[PDB]
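To start, the structure under review is shown below, and the notes come after it.
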Amino acid sequence: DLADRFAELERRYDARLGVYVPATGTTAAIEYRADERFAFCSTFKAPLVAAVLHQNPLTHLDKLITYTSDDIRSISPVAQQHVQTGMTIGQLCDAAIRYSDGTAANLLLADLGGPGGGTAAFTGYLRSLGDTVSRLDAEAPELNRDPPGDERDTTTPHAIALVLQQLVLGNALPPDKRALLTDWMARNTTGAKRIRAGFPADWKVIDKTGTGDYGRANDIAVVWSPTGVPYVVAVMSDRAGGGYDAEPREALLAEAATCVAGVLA
């Protein structure tokens, strides 16, 4: 039994686990703690890139953004190398998704603009997609640090799955922008030990990960079966019992995904 398996994983990893897979043609929704709040962590960067793509003509991708030393305040594998040259909006989107570059995502929030350094406009973009649950209140590094249970900077597996479904499978974005987002997630470099690890090699997986304090580890994905049937998979976790420095456990997400894949196969 699924729920029994997910409960067993919680005990194994001293963790709280949330899972959602939306219903399809022939499968019921899979849900475990799906309406409980979990920190976004870096998973917000996927709808962030969608918001920026949606807000602007496509050639806004070619606009050069400049930044400085005091902008590097979080893990930023790409942006830390380009302070002198700047980065174009397209390079920022690529880095935010594929390398989970924190400076890149902060710069994209600023591009979106408005109150809260773009966090209010980000939240408004989610509201436009019918998500009345999620909220973004801070940028990096603060957004990964809220105490367990705090509602700041949170989504739920259910909410983020429905958002991702609209972005990748539905009509939230025009086809050209949808393809840009989908391809960046398809080329993600940070997800090999999470949802990807739980699905057989002949399933396609695109994803966006997040990791935070209090043992936070998330992954949101769209997967396609070998015959092209898509499913959206959101898996979220934290480990409050280990305190602020609790180690994130990727293996919990890989095992949860393996269980989901077993049901979807």
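FYI the Cβ positions are ideal-geometry reconstructions off the backbone, even for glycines, and counts take in every protein chain you see. Computed from the coordinates by the stated procedures, all read-outs in this text should not be read as laboratory data.
Only one of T27, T59 is assigned to a loop (DSSP other than H, G, I, E, B), of a type in the set (S, T, N, Q) and either more than 16 Å from the chain's Cα centre (by Cα) or on the phi > 0 side of the Ramachandran plot (or both). Can you tell me which?
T27
Name the single residue that is surrounded by the fewest Cβ atoms within 10 Å (Cβ to Cβ) among those in the stretch 19-77 being closer than 17 Å to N218 by Cβ and acidic (D, E).
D35
Here are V168, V133, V163: which of them is in a loop (DSSP other than H, G, I, E, B) and among the β-branched types (V, I, T)?
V133
With within 18 Å of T132 (Cα to Cα) and either of a type in the set (G, A, S) or touching a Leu at 6+ places or on another chain (Cβ under 8 Å) (or both) as the only criterion, which of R33, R37 stands out?
It is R33.
Scanning for something closer than 27 Å to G228 by Cα, touching a residue at least 60 places away in the same chain (Cβ under 8 Å) and of a type in the set (S, T, Y), does the stretch 59-75 turn up at least one residue?
For the stretch 59-75, residues closer than 27 Å to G228 by Cα, touching a residue at least 60 places away in the same chain (Cβ under 8 Å) and of a type in the set (S, T, Y): absent.
Yes or no, residue by residue, for (1) surrounded by 23 or more Cβ atoms within 10 Å (Cβ to Cβ); (2) of a type in the set (S, T, N, Q); (3) free of Cβ contacts under 8 Å to residues at least 40 places away in the same chain; (4) over 12 Å from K45 (Cβ atoms):
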| residue | (1), (2), (3), (4) |
| --- | --- |
| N106 | yes, yes, yes, no |
| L109 | yes, no, no, no |
| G114 | no, no, yes, yes |
| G117 | no, no, yes, yes |
| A120 | no, no, yes, yes |
| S128 | no, yes, yes, yes |
| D131 | no, no, yes, yes |
| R135 | no, no, yes, yes |
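Given the conditions (1) surrounded by 21 or more Cβ atoms within 10 Å (Cβ to Cβ); (2) in contact with a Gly (Cβ under 9 Å, 6 or more places away or on another chain); (3) assigned to a helix (DSSP H, G or I), report the number of the one that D94 does not fulfil.
(2)
Just need a number here: residues in the stretch 194-210 that are assigned to a loop (DSSP other than H, G, I, E, B) and either under 15 Å from the mean Cα position of the chain (by Cα) or of a type in the set (F, W, Y) (or both).
Summing the residues that are assigned to a loop (DSSP other than H, G, I, E, B) and either under 15 Å from the mean Cα position of the chain (by Cα) or of a type in the set (F, W, Y) (or both) in the stretch 194-210 gives 3.
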